[PDB]
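> Experimental coordinates for this protein are included below, preceded by the sequence.
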Amino acid sequence: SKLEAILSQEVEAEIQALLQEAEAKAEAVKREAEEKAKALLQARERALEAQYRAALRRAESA
Amino acid sequence: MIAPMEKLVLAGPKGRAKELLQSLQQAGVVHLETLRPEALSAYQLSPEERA
């Protein structure tokens, strides 16, 4: 029926709006996890650079 | 004489049914009927509406 299709379309549109909002939140969570991983990789890279600098300093000292 | 007393059946969404209930209360020319049994709900509207 016309009201049948309208009610099914309204339920599907509410589910689609909810799914789009949840997918936007999940993509924001993925972007935040990527930002935290980039910060951790930057910390590990600075640690490796400081370790190589200290190793070169110890080698030149010896 | 005895009248015809034709039967009327209506259906649609819920808020349109509330507006049509206001209409058929303004146009109070049809006595009511339950017809609850076959594949229908009870239309317990709201406890907020009850309040």
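Nice, thanks for sending it over. Numbering: from 1, shown residues only, chains lettered A, B, ... in the order given.
> for chain A, what are the nearby residues on chain B?
Neighbours of chain A within chain B, by C-beta under 8 Å from any C-beta of the partner chain: B:11-13. For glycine as for every other residue, the C-beta is placed from the backbone atoms N, C-alpha and C.
> Work out the gap between the longest helix along chain B and the centre of the chain.
Ranked by residue count and defined by DSSP state H, the top helix of chain B is helix B:14-26. Centroid separation for helix B:14-26 versus its chain: 8 Å, with C-alpha atoms, centre = their mean, to the nearest Å.
> For the residue of chain A found nearest chain B, give me its contacts.
In chain A, the residue that lies nearest chain B is residue A:3 (4.8 Å; C-beta to the nearest C-beta). Residue A:3 makes contact with B:11-13 under the criterion C-beta atoms under 8 Å, 6 or more residues apart in numbering or on different chains.
> neighbours of residue A:60, just the number please.
Neighbour count of residue A:60, defined by other C-beta atoms under 10 Å in any protein chain shown: 7.
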